[PDB]
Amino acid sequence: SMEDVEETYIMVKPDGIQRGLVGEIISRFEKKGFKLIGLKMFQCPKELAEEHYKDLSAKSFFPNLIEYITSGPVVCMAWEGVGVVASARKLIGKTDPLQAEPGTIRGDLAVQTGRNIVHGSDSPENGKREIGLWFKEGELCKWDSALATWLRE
């Protein structure tokens, strides 16, 4: 089968780190069958995070948002796969954890919106933008999976 493998940026937030969910979140996607090509614990500089949420820079929560997202280290992840962006969004769950369906990362492991543990790109366009914003040039590591023949047709 031929079908482009998109990339999506997935980020475990400060709270996710504090609660020790870094291993758990990663394990969810590893079991799903997606490839990890970019990974790193990272203390996000204020500028980068402000660039990341550039679109929300006018909002009244923006200050508080940047404050939190930089208040502690986060984990930067880049996942490759076919239809992985939307898939990631599904596995993550609704923005509001209380409304997230059990089985999803937020519905299983979080309770409040302002602390929803993780971020998934909302589109392949943003997946590219974010992976290029949070990751330096040669940080990504591409590799052929040994299970490639058993993950995809």
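The numbering used is simple: start at 1 and walk along the sequence shown.
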| item | value |
| --- | --- |
| Stretch exceeding the other in mean C-alpha B-factor - 65 to 73, 27 to 35 | 65 to 73 |
| Average Cα temperature factor in the PDB entry - higher stretch of 123 to 131, 85 to 93 | 123 to 131 |
| Given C44, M41, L109, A100, the residue at which the Cα B factor reaches its maximum | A100 |
| Within-chain third of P14 by Cα B-factor, per the entry | middle |
| Record-listed C-alpha B factor of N116: chain third | middle |
